[PDB]
Amino acid sequence: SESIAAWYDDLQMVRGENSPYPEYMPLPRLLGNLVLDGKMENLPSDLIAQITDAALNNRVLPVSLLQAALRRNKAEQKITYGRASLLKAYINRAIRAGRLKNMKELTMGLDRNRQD
DNA sequence: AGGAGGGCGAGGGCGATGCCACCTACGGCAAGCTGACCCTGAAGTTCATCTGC
């Protein structure tokens, strides 16, 4: 579990009370925040088939999440938990891989700091 | 000629410099396609070739 734990701990994101979002958010429903409108068109080679490999193995989430999650952020004009959480996972693992050098890893909570 | 040419002290006092609401409506953020070709196998035999006879 140390790779799925790290997947669901890099993916941890804030939830209020009675948040309709699961504590650990399912990958298909998580990747469904990257998809056009429903999770089947998320690219079965750099995405659903590679996020899972980047999740099952604690590898670095592909840039195609920033790219896709950002695409949906400004395309759905909102950041669903699942795009915030998935971006938190990407950026946390980009930091941890030294792929995002200066930045420091995100936390669950709002960082009333972070200067970024 | 030798004059004296102002001396004085005031030059704001008082309050007000905003009230009211509005700062959006609406909808769309995609469509469509592709996401790969090709091979590379075990296991065994054949078959062409070589060495030795």
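Residues numbered from 1 in each chain as written, not as in the entry; some residues may be left out. Chains lettered and ligands numbered in written order. Part of a larger assembly, values for the part shown. Heavy atoms only, no water.

In the PDB archive, cryo-EM is given as the structure determination method for this entry, at a resolution of 3.0 Å.

Looking at the PDB entry, chain A carries the name CRISPR-associated protein, Csd1 family, with the source organism given as Neisseria lactamica. The title attached to this entry in the PDB is "Exploiting Activation and Inactivation Mechanisms in Type I-C CRISPR-Cas3 for Genome Editing Applications".

K.L.:
Give a description of the pattern of salt bridges that names residues and reports values.
P.N.:
Inspection of every chain in the model, using the stated rule, returns 6 salt bridges. For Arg96, the salt bridge goes to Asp10, with nearest N and O atoms at 2.6 Å. Placement of the pair is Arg96 in helix α5 (residues 84–96) and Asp10 in helix α1 (residues 2–10), with a sequence separation of 86 residues. Using a relative accessible area of 5% as the deciding quantity, one classes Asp10 as buried. (Salt bridge = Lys/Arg side-chain N within 4 Å of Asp/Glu carboxyl O. Helix = DSSP H or I, 4+ residues; strand = E, 2+ residues; numbered from the N terminus. Buried < 20%, exposed > 50% of the residue type's maximum accessible area, 1.4 Å probe, protein only.)

K.L.:
An account of the environment of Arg114 is requested, with residue identities and associated values reported.
P.N.:
Inspection of the secondary structure puts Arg114 in the segment after α5. By relative accessible area, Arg114 is classed as buried at 10%. Excluding anything up to four places from it in sequence, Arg114 contacts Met103, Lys104, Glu105 and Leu106. Side-chain polar atoms of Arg114 contact the backbone oxygen of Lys104, separated by 2.5 Å. Of note is the side chain of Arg114, whose polar atom sits 2.3 Å from the side chain of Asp116. (Contact = heavy atoms within 4.5 Å. Polar contact = N/O pair within 3.5 Å; in protein donor to acceptor, adjacent residues only side chain to side chain.)

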